[PDB]
Every structure is written in structure tokens, then in C-alpha cells.
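Engineer: Chains as they are written, first to last, in this note's numbering: chain A, 832 to 918; chain B, 49 to 84.
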Ligand SMILES: [Cl-]
Ligand SMILES: [Cl-]
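1. Under 7 Å from any heavy atom of ligand 2, does the C-beta of residue 881 of chain A make it?
2. Taking the Cβ atom as the reference point for each residue, do residue 79 of chain B and residue 864 of chain A lie within a distance shorter than 8 Å?
3. Looking at chain B, is there any beta carbon in it that lies within less than 8 Å of the beta carbon of residue 889 of chain A?
4. Starting from the beta carbon of residue 914 of chain A, find every residue of chain B whose beta carbon is closer than 8 Å, and list them in chain order.
5. Leaving out five residues on either side along the sequence, give the residues of the same chain with a beta carbon under 6 Å from the beta carbon of residue 897 of chain A.
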């Protein structure tokens, strides 16, 4: 089993996105976050090299329908969640 | 994609300071504390 680790600046990247939803669409905040936790804990660990490359060795997976993706890196031992940016 | 974000994602990849790498459940509980 590969071990799963999250940079803290992701927390930054997240609320930078929640902003566009709080007040007006507070329901999306839990939606998009629960998508994110899914991708990070189930979708990516399932098959981390299958998802499209972002640049160089980095990969990503859009948290559809939202146009935010999870950028990540996959060594043979680890999976490092690096960012959540828009696209 | 945007050179900004490539720098941001490579920076964090290159961050070797072990204190910035929250495990998942650590990370999760932390976000729940916020707006929760
Ligand atoms: Cl598989
Ligand atoms: Cl797939």
C-alpha cells in the first residue's frame, strides 16, 4: 500500500475555491470538498498513474462537475496531494 | 498549466519540510474545524 500525504497549501487552494460558493451556494462547499476527499482517498489510490498528466511527472483529476482539479505526484511508495487549482 | 501554478505545484513538491505534509485524517479534521 502507498502512503498518502497532503501539502498544507492545499487547504489554501481549497478555500480559495469555496470563496466562490459561500454565501451564494453554501451547499457546493460540502459537495466539492466531499468530491475532493473521494478523489484523494479512493479515486487516486485506486489507480494513480491512470489519470491524465498535468506537466512532467505530475498528474491531476478533475473533481467534475466543478472545474477544479487535484494535482498530484505518485512515487512507488507515496502519493502526495500537491494542489487544488481551477481549469 | 499556468506558469504560476507550475511554480506553485513544483514548490510544494520540493517542500521537504516534514511539518507541511499533513496526513489525510489530520488534514480532514483540520478543514472540518473551519466553517464546520
Ligand atoms: Cl489497479
Ligand atoms: Cl480511469
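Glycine included, C-beta positions come from ideal geometry on N, C-alpha and C.
Structural biologist: Taking the structure as given:
1. yes
2. yes
3. yes
4. 53, 56, 57, 60
5. 863
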